[PDB]
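Protein chains in written order, with PDB author numbering: chain A, 3 to 160; chain B, 2 to 160. By construction, the Cβ of each residue, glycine as well, lies at the ideal position given by its N, Cα and C atoms. Remarks on the structure that follows.
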Ligand SMILES: O=C(O)/C=C/c1ccc(O)cc1
Ligand SMILES: O=C(O)/C=C/c1ccc(O)cc1
């Protein structure tokens, strides 16, 4: 049961992110802190694979031009992520902050408008600090913008 | 672990055959032997290398072409997985990238500005590792010539 998993983790650089593996090919996610705290995304098509017993890999590309490849080892409460940010997302991360689904064309208009190279690459580990299977296609799991303290509320059950 | 120094050849399920040499904890060389971009070879590519668990590793990086790569290797299981994020133009005009990159880095940069980037062409595949020899560290000769038809066999055999 890896699909359906709902995790919160904290990258070694202090960023706190939340992902929900909704399908074998779809995720939702929320960013709670860091350069781009506030951003949240739903129905992001993704490549999900099992690499071995215990290890998984969720990778995809964004309407922003950002390319992501996450590896999860939940048994070990650990994961690794590498994010390839187009220059402009580093310069102007605030553009990307919103509920993406409502403004997809904005992200596309933006990645053409602003500069792409050199990319800003963030490769970090993270500690998983929450893991609850919510079953498959559970649309309510990630359904509101993040707010200060939300991660605690989730972890507390509150 | 004793993963640095490794020299592997593998074949992606889409039929592409590639060759990598893990030269350092932060550097690779590589050769592409078939597929859309057969002929391409690269040296001293800075990379992010990590151990994720016992047996599993991850080499990821970005190219002067704009291509972003994240490879996972599980050598014990003679298997690996790769995802490659190609800028549109590399899919349209892969021949540009077919080069000893080091001699023409600025070409790649001039190109990724000149041509279109979006939508990207994403290739996420498994591959079977068909060769694995540790060649120790900073062995500069391991990958030192452009690939030729049959080269992978020659390596696997002995020449
Ligand atoms: O959770 C991750 O691994 C990456 C999250 C992310 C959120 C917004 C971005 O613009 C890029 C990455
Ligand atoms: O898997 C590898 O070792 C290299 C892949 C690759 C894909 C596109 C390129 O333009 C160069 C290398």
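query	result
Within this structure, are the beta carbons of residue 139(A) and residue 24(A) separated by less than 8 angstroms?	yes
Mapping the DSSP letters down to three states, classify residue 105(A) as helix, strand or coil.	helix
I'd like the list of long-range same chain contacts for residue 134(A), defined as Cβ closer than 6 angstroms, with 5 residues on each side in sequence excluded.	8
So which of 123(A), 32(A), 80(A), 148(A) has the shortest CA-CA distance to residue 19(A)?	32(A)
For the alpha helix (DSSP H) containing residue 158(A), list its first residue and its last residue.	152 to 158
At 7 angstroms on the CB atoms, spell out the chain A contacts of residue 125(B), in chain order.	49, 61
Hey, would you say residue 86(A) sits closer than 8 angstroms to residue 48(A), going by beta carbons?	no
Grab the span of the beta strand (DSSP E) containing residue 52(A) for me, first residue to last.	49 to 54
Compare the C-alpha of residue 88(A) against each of 13(B), 92(B), 50(B), 68(B) and name the closest.	68(B)
Anything in chain A within Cβ reach of residue 84(B), meaning under 7 angstroms, just list it in chain order.	49, 61, 71
Quick one: list the residues of chain A neighbouring residue 133(B), beta-carbon separation under 7 angstroms, in chain order.	Those within 7 angstroms of residue 133(B) in chain A number zero; the least Cβ separation is about 16 angstroms.
How many whole angstroms separate the CB atoms of residue 113(A) and residue 119(B), which I take to be in contact at a CB cut-off of 8 angstroms?	6 angstroms
DSSP beta-bridge partners for residue 137(A)?	Looking at the DSSP assignment, residue 137(A) forms no beta bridge with any residue, so it has no partner.
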